[PDB]
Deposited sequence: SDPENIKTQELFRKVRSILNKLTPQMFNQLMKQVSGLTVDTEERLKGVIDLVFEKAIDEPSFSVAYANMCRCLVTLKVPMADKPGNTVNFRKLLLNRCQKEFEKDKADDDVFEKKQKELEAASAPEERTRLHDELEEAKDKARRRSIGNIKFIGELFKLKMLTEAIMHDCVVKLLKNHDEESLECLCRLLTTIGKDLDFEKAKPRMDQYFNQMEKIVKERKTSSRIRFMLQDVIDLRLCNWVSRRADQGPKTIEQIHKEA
C-alpha cells in the first residue's frame, strides 16, 4: 500500500510513544493523547490494541494505566472494540492451553491486566472464570494471592445466581487447599478471608 503504510507507521510510533513514557499517564491526559490519533482501519485498531497488550505484558504493574488507555480507545468506530479485546485476551488463554513454571509469572501479569480491563466493563465475566480456573490450576503462593486479590475485588460481581454453582466449586477447592497445609499459613489466612467474605454475602 505504500502511502497508507506510512500513516500506519506513524500511528504505531505515536502509540508506542504514549505507552513508553517512563511515568504512566493518567486518564485525562490519555483522552487528549488518544484524540491525536487516527485509527481508521481494523488492521490499525488491532495493531494499536496489540501494542497495548505487548506493553502490559512487559509491565503488568501499570496495567491500570493501560486499561485506562483501552478505555479511551473504545471511544472509536472502525470498519467491535470489546470483540477485538476479548479476542486478544483469549489469545493468551487459547495459547496458554498449548520453566513452563515461569509461564505462571507471565500468566499472573496477564490476568492482572485482564482483570483491570474487566473492572472497566470491557470484558466478560466468562473470561474472569477462565482466570480463576487458571489460578486454581497452579496452586503456588503467587497464583493463590492473585486469586485472593482478584476474588476479593470482583467476587460478588462474578457471583451471579447462575454462576453460583461454579463459584461454589471454586470456594470448595480453596477450603481444600486450606485444610491441607502444603501452603503457608499466610496464604491460608488470605484464603480464609475470601471464604469468610462470601459466607458473609460479600459484605465486609
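Asks: Identify which parts of the deposited sequence carry no C-alpha coordinates, going from the N-terminal end onward.
Replies: In sequence order, the gaps with no modelled C-alpha are 80-88, 108-137, 244-260.
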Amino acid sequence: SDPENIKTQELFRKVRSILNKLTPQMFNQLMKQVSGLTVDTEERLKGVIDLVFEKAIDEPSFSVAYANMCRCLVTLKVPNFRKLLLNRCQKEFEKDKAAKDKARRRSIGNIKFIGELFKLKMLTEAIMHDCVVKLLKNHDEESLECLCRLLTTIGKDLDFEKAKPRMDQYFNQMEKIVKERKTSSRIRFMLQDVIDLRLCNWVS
From here on, numbers count along this sequence of modelled residues.
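Asks: Would you tell me which stretch averages the higher CA B-factor in the PDB entry, 21-29 or 5-13?
Replies: Averaged over C-alpha atoms, the B-factors run higher in 21-29.
Asks: When the C-alpha temperature factors are averaged for each of 158-166 and 53-61, which stretch ends up with the higher value in the entry?
Replies: Mean B over CA atoms: larger for 158-166.
Asks: Among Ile108, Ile114, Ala99, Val132, which residue carries the highest C-alpha B-factor recorded in the PDB entry?
Replies: Among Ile108, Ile114, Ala99, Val132, the PDB entry lists the largest C-alpha B-factor for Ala99.
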